[PDB]
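Participant: Take this structure, written in structure tokens, and hold onto it; I'll ask about it next.
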4 protein chains.
Amino acid sequence: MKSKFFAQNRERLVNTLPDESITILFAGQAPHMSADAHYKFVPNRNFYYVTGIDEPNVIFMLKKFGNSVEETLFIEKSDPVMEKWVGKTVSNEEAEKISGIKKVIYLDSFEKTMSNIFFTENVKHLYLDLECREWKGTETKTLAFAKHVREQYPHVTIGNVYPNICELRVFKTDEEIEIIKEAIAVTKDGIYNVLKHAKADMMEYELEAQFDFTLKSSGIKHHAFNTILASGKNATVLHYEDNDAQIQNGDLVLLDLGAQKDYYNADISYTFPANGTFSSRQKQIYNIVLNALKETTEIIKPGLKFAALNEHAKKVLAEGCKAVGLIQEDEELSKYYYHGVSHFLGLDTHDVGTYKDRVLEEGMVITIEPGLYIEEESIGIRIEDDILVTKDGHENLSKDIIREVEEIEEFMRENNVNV
Amino acid sequence: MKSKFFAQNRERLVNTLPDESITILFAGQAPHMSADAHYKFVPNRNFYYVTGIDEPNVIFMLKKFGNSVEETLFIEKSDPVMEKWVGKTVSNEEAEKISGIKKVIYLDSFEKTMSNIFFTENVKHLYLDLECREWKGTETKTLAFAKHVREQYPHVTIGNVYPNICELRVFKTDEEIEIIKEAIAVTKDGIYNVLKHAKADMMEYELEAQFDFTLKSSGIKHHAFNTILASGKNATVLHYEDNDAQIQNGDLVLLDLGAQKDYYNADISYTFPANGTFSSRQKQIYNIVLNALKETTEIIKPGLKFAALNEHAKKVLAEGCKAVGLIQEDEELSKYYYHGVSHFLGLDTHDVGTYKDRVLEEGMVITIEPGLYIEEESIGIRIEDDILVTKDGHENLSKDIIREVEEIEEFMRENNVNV
Amino acid sequence: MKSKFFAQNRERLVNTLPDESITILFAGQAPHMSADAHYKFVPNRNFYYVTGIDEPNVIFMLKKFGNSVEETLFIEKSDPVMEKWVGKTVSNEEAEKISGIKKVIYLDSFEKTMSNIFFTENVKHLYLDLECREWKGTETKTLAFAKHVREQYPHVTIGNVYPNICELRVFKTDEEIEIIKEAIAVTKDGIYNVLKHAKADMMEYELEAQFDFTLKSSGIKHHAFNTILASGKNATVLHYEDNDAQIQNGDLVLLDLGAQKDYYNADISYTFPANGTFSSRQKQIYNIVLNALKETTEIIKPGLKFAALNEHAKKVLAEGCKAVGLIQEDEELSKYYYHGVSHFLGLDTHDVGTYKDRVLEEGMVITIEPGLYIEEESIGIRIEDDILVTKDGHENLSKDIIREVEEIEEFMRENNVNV
Amino acid sequence: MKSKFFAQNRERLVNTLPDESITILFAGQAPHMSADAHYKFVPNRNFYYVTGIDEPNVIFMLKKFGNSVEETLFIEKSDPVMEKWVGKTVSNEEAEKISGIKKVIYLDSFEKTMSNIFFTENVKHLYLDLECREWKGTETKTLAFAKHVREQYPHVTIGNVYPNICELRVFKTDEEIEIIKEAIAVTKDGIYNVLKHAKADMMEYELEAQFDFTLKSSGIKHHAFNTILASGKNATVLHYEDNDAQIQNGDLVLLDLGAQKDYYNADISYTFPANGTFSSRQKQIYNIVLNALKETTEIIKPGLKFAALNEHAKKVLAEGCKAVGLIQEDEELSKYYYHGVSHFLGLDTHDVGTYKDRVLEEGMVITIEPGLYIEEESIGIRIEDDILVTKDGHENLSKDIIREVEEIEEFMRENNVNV
Ligand SMILES: [Mn+2]
Ligand SMILES: [Mn+2]
Ligand SMILES: [Mn+2]
Ligand SMILES: [Mn+2]
Ligand SMILES: [Mn+2]
Ligand SMILES: [Mn+2]
Ligand SMILES: [Mn+2]
Ligand SMILES: [Mn+2]
């Protein structure tokens, strides 16, 4: 991932913003976890998308005046003492090389800069990234910053740049797609490794261990999200994360997981039989889902209404359910299939972007993940691919992952130590 | 960990609080990570220590009036929709069973309870757990709550119960020490597994993968802290976490890691030769550090001033450094050893409790971690044990971990595939 | 009053609001009175006019997006315990039937809806009913709400819908006029009852009781405002409410009062001799006022500047005063007549709507209430009618109430038990 | 009520407050009702009890320093314009005469007095009347005042004087009791008036009108609380206020109402048969309730725990219910009797004062109000007397009200036009 990518993102962002306005983005800090410990730092995707900087506590500013456009970074100064504890923070020159932003100055001059901007330069329009997902959320640095601006500069108009950046993230470039592909690749390897080691009478976490191992030893530092490794009746809980039950012989195992490469996410659901063999009933239910996957993936092309995806998924899932006698009428389905089939994928696993009235266009990456959940039969199945919308159709980024009942049983037979 | 342990914690806590006072503790929730994702929930250690409840969103209350003492829990009501996404939350009866608290009610009655406590019952003294580590920190649910109490009940005196509970956590019971013991035990297995798989020309993270595997397969859901796996020059950064450099032949490998069992933490530092053989120079520096370990461990017993540990450590390290020729005078040491030698250990890896004027006493668990860091030689060494203070001395909780140069070289010969 | 009425109110309201905006109205709750008691709940007239709902604590919401328009109500869930104290609150179905609003959901989902509205749907323009009559007023739930919106969604623009709804309330429909007519009708009955029971040497409140009785026994739950029942010198205080003096023989009695029907208000002032016979002097002053009432009512018609009413009232009052000898020049009138002659009438007694530059138009209901107040003679007289502005003139909604000196003396002779 | 009464109230209050402290009480103002209308002003009882001033917008201040004690009143200055609308506000001399407070100054000097108090005199301890009954209540003038003091004078300790005054109000003097007696007297007259006019096939409000009439024409300006006039099944809803149903022949009618004299409250519940005859079944239930009344009133005397009243009430209601076969065991009572039997009475209807661990003492006025409510039989009966606790027993303040079934049937036969 090279500076040119980020520079172009800024060009595009610039074109969405009014003239005579300033925009500020904050890298953020890792939140407190417990005692003196903090959580692992997670780069703010919008900030990162715009600056290419993956470190805390940097600040980015974009001034738009007349025909001019001025971008600036504020980084930390070096601290010889802290370097013996945590290593060196990004340097002036590194920051410029990475971000492609020419003007890189220090945080200690941010306050004075604020003073000039809002007084000397009579700026009237400020944009911040105002992501606020909860009505009763608690105050964040950003919101606090907005409150401050409101009090010192009550005449300044505040706008939200969040939506502006999200709508750009919706359309992936080729190098973005390449990284996702790599993430998927490693996820496949992880899954295959699970398939090669799975057996009955084995703890769910013993299997999770194998997936984690494959990712870790290939250099992947993070997962896309928390691994779902659910066997038997547990696969009925959508985001089951306990992963601490014993896998019974005859149990189906649902995997929902993904590696993360350079801050891009893969997202795969995969269901297989623990003992290497699908039961007659499991084979039925699995193929109904798998149909819904193929059918739904099929209709993907520019011009299609996003809402059509789940509509079709529900149609196909209902036909399969009837055929098999699980239900009589379409309405009963919500008892066995109670989520949406698709979501954007990118810098975030449930990537950003509006869905309302969304129409599919070239460049979008979305997931397709139909599933069926039968509590009384202790069967949970979900199968999920990551699809790229192309110029005149789609490309299945995760097609290399074998999905057919025959292919799975065969693979576990050749490769699984204890089958 | 059985409810009697938490009931007793509450009994001791009660004795530290004034009469005519109410205390409230909050379980909290997982902080925002990115987009719709949150971090993994980490039980608030104080809240956990007092209630034994490891779920979010619960509230605890302790009324102390006259001769009375009334404990209450507020839990979430069940939600048939969310149960299909995340599973059931603790039930009315389970909470009672776990915490030993008799009166358990629901959150939707918390507000009305507030109104009565502060109006009808004329309560004037409220205690909150006010952990505030940063002067320019951002507002938290608790601080917000205090603010609200200040505005609605200005006459109510607010006190901080944080210090009360930390001082209790300083003294571990037998059942506490048993869990720490288990945590160390797995850590050991982890380390051994690293020792048996290590070789030259191998990625740091490849070795981390092996440690992670051992823990995960044994059911351990979390680490104590972010594993440090630093080779050659990298061992010189105290909290080096990149774990993404190649291990050179002749390199030394510094491990600083620990498993966590039922929320209690192990914390071990271990240093070994990648190729299974210490070089002369390395053997020297190692033993110097080893000595400091045994020496400083030696003097541990109730009555000893905490400050004394680091004094002795510095003294013994300096002597080793002189004899070897690394330094001339004691003052130069700080160039090669620039941290404390000890810290409390417990529900937090850097456990709670004041250090100022601290004297050791039966019941404390602490670490001893002398090290030497020689930048110009690309040598970093740290050796760390978890010591328990007994009634007339100490007990080294991690004595089973082999430390001698001979023991290590011998072990890697017998067990390491590629030596 | 049927749902079509309110439905049309909302259609009109919609046409005054910009596109891409949301509007929220709160029913409110009764204010604290003393100890655990609250005042009688008074439906917020704007909220009522829009929803047709007379209960507390409901919330109304109107989204205007693209060509779409979505109306939603939030109501209280039923509570089997409270139903034993206060009775059932409006039900899901009743609310729909009354308001004509199809979507009716519960308050416990209001917060989540807020989150979605202001995050997911990127709403930028919010309208609230911001009636704020006092510069140093105290914070209200609505202002507290705006403050919250401002802190969480600093980019959101806040508009005031109060003016929008008031201007709609200014033009009454036929159904509205009818209700006003009913309210006036009862007021008449109440007045006649007073006339038939009045005598000298009687407590002002004794007469009040007779008027209250007529209204209550006729089903009327509330008065328009606080009954004014002023005898002798007391009629000189414009809003005299004590109502606790003894009516002297020879005293005139000024009645200012009005029944309220279905939340619409009547408003009538009526003066008469306690002993059933006007004195010469009283006949003079009464006729001066009655002249102003007729003359000022006479000029009412679409096109007329509202400011003209009081100009003419003054003119005519001064004419009567000159003729009788009370004053020499027009300027002296302010000593005897010191209020406006007219105000709007409707869901509020001093109904809403601007007066600056106002021109009369069909549909408006206004009052005409000239008076004279002569302190040194202990005479205070006011006669007030409720006028409807019609297509080409006016209609006196209270013409049935007899006003002539001879008509009153005669009525009291025939009907007053002690004359 | 003469000034000496309020003067003694302040003397007692003074003895409950620490030395070196200042106390401020606010008269308040009438809250906004609708548009330009405000609710009727209701003197804040604590303020009233301390000052004897029933006007709004006054401020009272008590300085306690060394051996000194300085009381001050701040009143409004006269406004010649407003006097023509609302009348004269309390004058400098009237204020002194009414309150017994010697130093009376004007509001326009309140602010400067605040400065001197909190700067020049170094006052550290401030008491306010901090009644706050709702955890999520809205900011009040007093809370805003507190907040202000907190911002300008952060060192100043704020205490709540509410409890202090409430405990004084709990013990009534002889002149207080007299007034309550008067309120009760009128209430009785009003009830009898209702008995004399009640018949079947008559609107509930038609009866309420009769009760209001008696009160109004006797000079009573306010009701204790909202008249409850519940017939048939409606008597089942404890605070039924609609009062708009038709009384069916055979219906029992439940009155719960009370006159207010000079701010003191009566509170009576009276049940009778609409047609003048108790049915067998009604006679049964009525007598059970009336027993509970006599029995519970009986045990009242200094030394008796307040909690005993309800315990005995339940005990005696159960016996009656068993005897009649309405229930089998005591537990079933909650189905038909679901409230407390007693509450303090005074300047408030549910008068102030703590109940927890309360022991009855001479001077206390409390109500006794057993009831039975049978939904399936459409029968709701409550009977309530106001009791005074005397030196060695109790005095029934409302004994003159006839309660026996024969007494009532007789009274209605004698006096009721239509029986
Ligand atoms: Mn997934
Ligand atoms: Mn997914
Ligand atoms: Mn360590
Ligand atoms: Mn350590
Ligand atoms: Mn009027
Ligand atoms: Mn008027
Ligand atoms: Mn009552
Ligand atoms: Mn009562």
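Labels for the structure tokens follow display order: chains A, B, ..., residues from 1 in each chain, ligands from 1.
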Excluding residue D:367 and any residue of its chain fewer than 4 positions from it, enumerate the residues within 12 Å of it, using only C-alpha atoms, and give them as a VMD selection string.
Facilitator: chain D and resid 265 to 269 293 296 to 297 300 306 309 to 310 340 to 346 349 to 351 383 to 389 394 to 398
Participant: Mind checking which residues fall within 7 Å of residue B:159, counting only C-alpha atoms, ignoring those fewer than 5 positions away in the same chain, and posting them as a PyMOL selection string?
Facilitator: chain B and resi 126-128
Participant: Would you output that residue set with N, CA and C atoms, as a tab-separated table (two decimals), in the first residue's frame?
Facilitator:
chain	number	residue	atom	x	y	z
B	126	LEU	N	-22.05	8.98	49.31
B	126	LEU	CA	-21.98	7.96	48.28
B	126	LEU	C	-20.54	7.62	47.95
B	127	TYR	N	-20.26	6.34	47.76
B	127	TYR	CA	-18.96	5.89	47.30
B	127	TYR	C	-19.02	5.28	45.89
B	128	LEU	N	-18.10	5.71	45.03
B	128	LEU	CA	-17.95	5.16	43.70
B	128	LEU	C	-16.53	4.66	43.49
Participant: Considering only C-alpha atoms, extract the chain A residues located within 7 Å of chain B and return them as a PDB file with C-alpha atoms, in the first residue's frame.
Facilitator:
ATOM      1  CA  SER A  34      -7.746  -2.473  33.029  1.00  0.00           C
ATOM      2  CA  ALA A  35      -5.430  -0.846  35.543  1.00  0.00           C
ATOM      3  CA  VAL A  42      -6.817   0.053  16.371  1.00  0.00           C
ATOM      4  CA  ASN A  44      -9.345   4.731  12.976  1.00  0.00           C
ATOM      5  CA  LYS A  84      13.502   2.375  25.429  1.00  0.00           C
ATOM      6  CA  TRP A  85      10.020   1.163  26.412  1.00  0.00           C
ATOM      7  CA  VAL A  86       7.888   1.142  23.237  1.00  0.00           C
ATOM      8  CA  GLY A  87      10.253   1.919  20.325  1.00  0.00           C
ATOM      9  CA  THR A 138     -20.391   8.875  26.353  1.00  0.00           C
ATOM     10  CA  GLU A 139     -18.341  11.927  25.347  1.00  0.00           C
ATOM     11  CA  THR A 140     -15.357  11.231  23.042  1.00  0.00           C
ATOM     12  CA  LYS A 141     -12.253  13.399  22.322  1.00  0.00           C
ATOM     13  CA  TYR A 205     -11.091 -24.146  21.523  1.00  0.00           C
ATOM     14  CA  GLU A 206      -8.745 -26.969  20.537  1.00  0.00           C
ATOM     15  CA  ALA A 209      -6.175 -23.103  18.409  1.00  0.00           C
ATOM     16  CA  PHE A 213      -1.856 -21.064  14.740  1.00  0.00           C
ATOM     17  CA  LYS A 216      -0.072 -16.361  13.478  1.00  0.00           C
ATOM     18  CA  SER A 217       2.712 -18.322  11.846  1.00  0.00           C
ATOM     19  CA  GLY A 219       2.540 -13.230   9.987  1.00  0.00           C
ATOM     20  CA  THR A 236     -27.760 -21.775  16.588  1.00  0.00           C
ATOM     21  CA  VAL A 237     -26.434 -18.689  18.332  1.00  0.00           C
ATOM     22  CA  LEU A 238     -25.393 -16.264  15.581  1.00  0.00           C
ATOM     23  CA  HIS A 239     -22.299 -14.709  17.250  1.00  0.00           C
ATOM     24  CA  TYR A 240     -21.552 -17.538  19.708  1.00  0.00           C
ATOM     25  CA  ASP A 348     -14.027  -2.844   8.668  1.00  0.00           C
TER      26      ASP A 348
END
Participant: Could you pull out the helix (DSSP H, G or I) residues of stretch 144-333 of chain C, going by DSSP on the backbone, and write them as a PyMOL selection string?
Facilitator: chain C and resi 144-152+162-169+174-197+204-216+232-236+280-298+306-324+330-333
Participant: With only C-alpha atoms as the counted atoms, please give the residues lying no more than 10 Å from residue B:157, apart from itself and same-chain residues fewer than 6 positions off, as a ChimeraX atom specification.
Facilitator: /B:21,123-127,149-150 /D:157-159
Participant: If we count only C-alpha atoms and set the cut-off at 8 Å, which residues sit around residue D:301, ignoring sequence neighbours fewer than 5 positions away in its own chain? Please answer as a compact mmCIF listing (two decimals) with N, CA and C atoms, in the first residue's frame.
Facilitator:
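See part-v7.txt below for the written result:
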# COMPACT_ATOMS: atom_id res chain seq x y z
N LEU D 360 -44.83 6.34 66.72
CA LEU D 360 -45.85 7.36 66.93
C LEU D 360 -45.55 8.18 68.18
N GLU D 361 -45.86 9.47 68.12
CA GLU D 361 -45.68 10.34 69.27
C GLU D 361 -46.79 11.37 69.29
N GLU D 362 -47.02 11.96 70.45
CA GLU D 362 -48.00 13.02 70.59
C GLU D 362 -47.74 14.14 69.58
N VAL D 389 -52.67 12.00 67.18
CA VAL D 389 -52.05 11.26 68.26
C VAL D 389 -51.94 12.18 69.45
N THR D 390 -52.56 11.78 70.55
CA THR D 390 -52.53 12.53 71.79
C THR D 390 -51.56 11.95 72.80
N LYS D 391 -51.54 12.57 73.98
CA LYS D 391 -50.59 12.24 75.04
C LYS D 391 -50.58 10.77 75.45
N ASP D 392 -51.76 10.16 75.51
CA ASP D 392 -51.87 8.79 76.01
C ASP D 392 -52.78 7.94 75.12
N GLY D 393 -53.19 8.51 74.00
CA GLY D 393 -53.98 7.77 73.04
C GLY D 393 -54.12 8.51 71.72
N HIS D 394 -55.34 8.55 71.23
CA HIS D 394 -55.62 9.17 69.95
C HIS D 394 -56.93 9.93 70.02
Participant: Given the choices D:9, D:51, D:187, D:164, which gets closest to ligand 7 if the distance is worked out from only C-alpha atoms and all ligand atoms?
Facilitator: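 Looking only at the distances to ligand 7, the closest residue turns out to be D:187.
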Participant: In Å, how far is it from atom CA of residue C:156 to atom CA of residue C:103?
Facilitator: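 Computing the Euclidean distance for atom CA of residue C:156 and atom CA of residue C:103 yields 25.3 Å.
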Participant: Show me, as a ChimeraX atom specification, the residues that have an atom within 6 Å of residue B:230 when counting only C-alpha atoms, minus same-chain residues fewer than 3 positions from it.
Facilitator: /B:234-235,253-254
Participant: Quick one: residues within 6 Å of stretch 3-7 of chain D, only C-alpha atoms, excluding same-chain residues fewer than 2 positions away - as a PyMOL selection string?
Facilitator: chain D and resi 9-10+50-51+98-100
Participant: Please save C-alpha atoms of the selected residues as a PDB file, in the first residue's frame.
Facilitator:
ATOM      1  CA  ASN D   9     -40.791  27.324  63.820  1.00  0.00           C
ATOM      2  CA  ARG D  10     -37.628  29.235  62.991  1.00  0.00           C
ATOM      3  CA  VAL D  50     -40.827  28.868  57.961  1.00  0.00           C
ATOM      4  CA  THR D  51     -41.956  32.346  56.888  1.00  0.00           C
ATOM      5  CA  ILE D  98     -47.107  38.324  58.944  1.00  0.00           C
ATOM      6  CA  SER D  99     -43.719  36.643  59.370  1.00  0.00           C
ATOM      7  CA  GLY D 100     -42.547  38.195  62.612  1.00  0.00           C
TER       8      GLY D 100
END
Participant: Considering only strand (DSSP E or B) as DSSP defines it on the backbone, what residues of stretch 162-367 of chain A qualify? List them as number ranges by chain.
Facilitator: A: 202-203, 222-223, 228-231, 246-247, 252-257, 259-261, 264-265, 268-273, 305, 344, 359, 365-367
Participant: Of the candidates A:258, A:377, A:409, A:287, which shows the shortest atom-to-atom distance to ligand 2, using only C-alpha atoms and all ligand atoms?
Facilitator: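 Of A:258, A:377, A:409, A:287, the one nearest ligand 2, counting only C-alpha atoms and all ligand atoms, is A:258.
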Participant: Name all residues at most 12 Å from residue B:411 (count only C-alpha atoms; drop same-chain ones fewer than 5 positions away) and give them as a list in words.
Facilitator: residues 191, 192, 193, 194, 195, 196, 197, 198, 272, 273, 276, 277, 401, 402, 403, 404, 405, 406, 416, 417 and 419 of chain B
Participant: Restricting it to N, CA and C atoms, dump the selection as an mmCIF file, in the first residue's frame.
Facilitator:
data_model
loop_
_atom_site.group_PDB
_atom_site.id
_atom_site.type_symbol
_atom_site.label_atom_id
_atom_site.label_comp_id
_atom_site.auth_asym_id
_atom_site.auth_seq_id
_atom_site.Cartn_x
_atom_site.Cartn_y
_atom_site.Cartn_z
ATOM 1 N N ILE B 191 6.168 -22.096 27.496
ATOM 2 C CA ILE B 191 7.574 -21.818 27.311
ATOM 3 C C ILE B 191 8.298 -23.057 26.805
ATOM 4 N N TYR B 192 8.092 -24.175 27.485
ATOM 5 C CA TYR B 192 8.740 -25.416 27.081
ATOM 6 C C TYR B 192 8.477 -25.708 25.600
ATOM 7 N N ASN B 193 7.241 -25.494 25.168
ATOM 8 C CA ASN B 193 6.889 -25.737 23.782
ATOM 9 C C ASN B 193 7.660 -24.828 22.824
ATOM 10 N N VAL B 194 7.960 -23.616 23.274
ATOM 11 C CA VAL B 194 8.754 -22.697 22.477
ATOM 12 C C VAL B 194 10.168 -23.250 22.410
ATOM 13 N N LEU B 195 10.671 -23.700 23.556
ATOM 14 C CA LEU B 195 12.027 -24.225 23.645
ATOM 15 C C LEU B 195 12.244 -25.429 22.750
ATOM 16 N N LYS B 196 11.195 -26.211 22.532
ATOM 17 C CA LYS B 196 11.364 -27.439 21.779
ATOM 18 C C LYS B 196 11.234 -27.209 20.266
ATOM 19 N N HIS B 197 10.696 -26.056 19.876
ATOM 20 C CA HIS B 197 10.474 -25.748 18.461
ATOM 21 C C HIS B 197 11.398 -24.664 17.898
ATOM 22 N N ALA B 198 12.123 -23.973 18.768
ATOM 23 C CA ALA B 198 12.966 -22.860 18.343
ATOM 24 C C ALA B 198 14.160 -23.285 17.494
ATOM 25 N N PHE B 272 16.562 -17.451 26.358
ATOM 26 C CA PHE B 272 17.300 -18.638 25.931
ATOM 27 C C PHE B 272 17.996 -18.355 24.604
ATOM 28 N N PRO B 273 18.908 -19.252 24.199
ATOM 29 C CA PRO B 273 19.616 -19.155 22.934
ATOM 30 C C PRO B 273 18.821 -19.830 21.828
ATOM 31 N N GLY B 276 20.228 -23.101 20.684
ATOM 32 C CA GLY B 276 20.357 -24.126 21.724
ATOM 33 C C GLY B 276 21.678 -24.121 22.478
ATOM 34 N N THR B 277 22.518 -23.129 22.190
ATOM 35 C CA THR B 277 23.801 -22.979 22.865
ATOM 36 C C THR B 277 24.085 -21.526 23.215
ATOM 37 N N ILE B 401 10.128 -23.942 36.664
ATOM 38 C CA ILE B 401 10.696 -23.552 35.387
ATOM 39 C C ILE B 401 12.221 -23.564 35.464
ATOM 40 N N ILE B 402 12.842 -24.440 34.680
ATOM 41 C CA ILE B 402 14.296 -24.592 34.702
ATOM 42 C C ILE B 402 15.007 -23.335 34.221
ATOM 43 N N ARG B 403 16.063 -22.941 34.930
ATOM 44 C CA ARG B 403 16.687 -21.642 34.686
ATOM 45 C C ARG B 403 18.179 -21.723 34.373
ATOM 46 N N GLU B 404 18.848 -22.738 34.911
ATOM 47 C CA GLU B 404 20.294 -22.880 34.720
ATOM 48 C C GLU B 404 20.667 -23.018 33.245
ATOM 49 N N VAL B 405 21.783 -22.399 32.868
ATOM 50 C CA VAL B 405 22.312 -22.503 31.510
ATOM 51 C C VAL B 405 22.449 -23.970 31.085
ATOM 52 N N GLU B 406 22.946 -24.804 31.991
ATOM 53 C CA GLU B 406 23.103 -26.228 31.704
ATOM 54 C C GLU B 406 21.739 -26.872 31.454
ATOM 55 N N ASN B 416 14.393 -30.530 21.389
ATOM 56 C CA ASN B 416 14.303 -29.725 20.181
ATOM 57 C C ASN B 416 14.699 -30.520 18.936
ATOM 58 N N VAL B 417 13.705 -30.732 18.077
ATOM 59 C CA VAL B 417 13.849 -31.443 16.804
ATOM 60 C C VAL B 417 15.138 -31.123 16.033
ATOM 61 N N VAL B 419 18.351 -29.718 16.778
ATOM 62 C CA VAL B 419 19.637 -29.455 17.439
ATOM 63 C C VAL B 419 20.494 -30.725 17.456
#
